[PDB]
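What follows is calculated from the coordinates using simple rules that are stated; it is not laboratory data. As a convention, Cβ positions derive from the backbone with ideal geometry for all residues, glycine included, and neighbour counts pool all protein chains shown.
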Amino acid sequence: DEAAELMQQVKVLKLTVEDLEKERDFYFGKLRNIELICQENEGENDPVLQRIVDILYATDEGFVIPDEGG
Amino acid sequence: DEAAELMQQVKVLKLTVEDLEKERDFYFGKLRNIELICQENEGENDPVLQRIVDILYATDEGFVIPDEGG
Amino acid sequence: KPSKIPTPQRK
Amino acid sequence: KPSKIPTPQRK
C-alpha cells in the first residue's frame, strides 16, 4: 500500500535518525571538548595537537565554517 | 491526507538523515584519525592526550564498546 | 567556545 | 585501527 511504504519509511528513517543523531550528538559533544583542549595546551603544541587540529579543521569546499572572516 | 503527512515525514526525515549522517560520517572520520594519533604520540602522553582520550573513551552505560574484554 | 569548527548551516 | 572506541551495535 502507498502509505504502508511511506509509514515504513518513517520507521526506517526514525531508526536511521535515532542511529544517526545519537552518534551525531555524542560524537559532537566529544568534539567540543577537543577544540578548547587545543587552546588549553597550545603553549606546548606537540605534533598530535598539530594533526588533530588538522582533524578538527578538516573543512573543505562545500562545507560551512562558522565565524568565517579571520 | 494520511500519506501526505507520511511522505512529508520522509521528507523531513530525509532532511534530518542527510543533515545527520553527513555530520555523523564527517565527524566520525575525524575521530578515526584522533585514536591512532594517541598511539602515535603516547610516548609523550601530555595532558591534552589524557583528556582527549577521555574524550574518545567518553563511553557510559547503555553505550556499546567494541572489542569488549580487555 | 569558539564557533570556528566546520558546520553546516541548517538552522 | 583498533575498534575499541564506543559505538552502537546496529549492524
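Helix A:2-40 versus the longest principal axis of chain A: what angle, 0 to 90°, nearest 10, using Cα atoms?
Approximately 10 degrees, to the nearest ten.
For a quick check: with amide H placed at 1.01 Å from N, whose amide H comes under 5 Å from D:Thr7's, ignoring anything fewer than 5 positions away on the same chain?
Counting only residues 5 or more places away or on other chains, the set is B:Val64, B:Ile65.
At a Förster distance of 25 Å, what's the computed FRET efficiency of A:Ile65 paired with B:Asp25, Cβ-Cβ distance as r, to 0.05?
Calculated value: 0.90.
Would you work out which of A:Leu36, A:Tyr57, A:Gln9 lies farthest towards the positive end of the dipole of chain A? Charges go on Cβ: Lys and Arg +1, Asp and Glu -1.
Checking the options against the dipole of chain A, the answer is A:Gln9.
If each label sits 7 angstrom from Cα along the C-beta direction, how far apart, in nm, is A:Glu2 from its counterparts in the other copies?
Its label point is 1.1 nm from the equivalent points in the other copies.
Against the longest principal axis of chain B, how steep is helix B:47-56, in degrees 0 to 90 to the nearest 10, with axes from Cα atoms?
It works out to around 40 degrees.
Go through A:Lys11/B:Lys30; A:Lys11/D:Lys4; A:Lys30/C:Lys11; C:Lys4/D:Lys11 and tell me which ones have a Cα-Cα distance over 26 Å in this structure.
Correct reply: A:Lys11/B:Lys30; A:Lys11/D:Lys4; C:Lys4/D:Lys11.
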